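Just the heavy atoms: all of them, side chains too, but no hydrogens, waters or symmetry mates, feed the values below. Each chain gets a letter, A, B and so on, in the order the sequences are listed, and its residues count up from 1.
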Amino acid sequence: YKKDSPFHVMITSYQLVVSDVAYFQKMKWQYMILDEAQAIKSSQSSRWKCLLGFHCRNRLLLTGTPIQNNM
DNA sequence: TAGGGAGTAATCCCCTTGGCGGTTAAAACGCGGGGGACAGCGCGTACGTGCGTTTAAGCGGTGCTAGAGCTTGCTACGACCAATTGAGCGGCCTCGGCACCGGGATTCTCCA
């Protein structure tokens, strides 16, 4: 997108990237941020399984408590 | 020994029910009169009853052969599954069919 574009940064709930996943996986993302990435900490979670498969160049996991319960 | 199931409660999206308000159109209410419901009547004809006739349905009996019903043998074909793709579903788009309106024209009714 260039500066003349309908949007630049989109902000979304973890609830919607799962619910609207079929719309999200039909688009190509130039960068991704994940606030409180402890939400992604479980590999059996759909929000992990969904966001794993997003077509994105670069990703940040923002967290303050990375280690959590287990390796 | 470990993995994943059982328990539970917070989190958050979806969606059906209920209320408020208006307002407006359809249901409710009135009443005259008409005509259709319906009772009462006359006739006639058409249908139930009876008797003598006949006709053929039903029972007992003989003979035959088709074909239903069963056994045997085998191979053809549809169940099965792993690999491949394209037909058909879900989402998005737009324009043209159709409806709804208004007013002028033709039809149909009903009373004279």
* **Rounded distance in Å between the P positions of B/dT24 and B/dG102** => 15 Å
* State whether the number of non-hydrogen atoms from other residues, nucleotides or ligands found under 6.0 Å of A/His55 atom NE2 is greater than 12. => no
* Structure fact -> Those stems involving DNA chain B that have three or more consecutive Watson-Crick or G-U pairs, both distances under 3.5 Å, are none
* Asked: Is there side-chain contact between A/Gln25 and A/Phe54, with at least one heavy-atom pair below 4.5 Å?
  -> yes
* Please state how far atom CD in A/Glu36 lies from atom P in B/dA10, giving the value in whole angstrom units. => 21 Å
* To do: Report the residue (A/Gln44 or A/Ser19) whose heavy-atom-nearest nucleotide on DNA chain B is the more 5′ of the two.
  => A/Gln44
* From CA spacing to verdict: side-chain contact (heavy atoms from CB on, under 4.5 Å), A/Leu34, A/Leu60 -> CA-CA 6 Å; A/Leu34 290 91; A/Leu60 294 180; over 6 Å; no
* Consider the side chain of A/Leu16, meaning its heavy atoms from C-beta on, and name the nucleotide among B/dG91, B/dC13, B/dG4 that approaches it most closely. => B/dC13
* Under a 4.5 Å cut-off applied to non-hydrogen side-chain atoms, are A/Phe24 and A/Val18 in contact? -> no
* To do: Indicate yes or no: at least one non-hydrogen side-chain atom of A/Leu61 is less than 4.5 angstrom from one of A/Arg59.
  => no
* To do: Write down the distance between CZ (A/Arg47) and P (B/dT11), rounded to a whole number of angstrom.
  => 12 Å
* Asked: Is any side-chain heavy atom of A/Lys41 less than 4.5 Å from a side-chain heavy atom of A/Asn70?
  -> no
* Residue closer to the 5' end of DNA chain B, A/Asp20 versus A/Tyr23 (nearest nucleotide) -> A/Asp20
* Closest to the A/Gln15 side chain, choosing from B/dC92, B/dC12, B/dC14 -> B/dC12
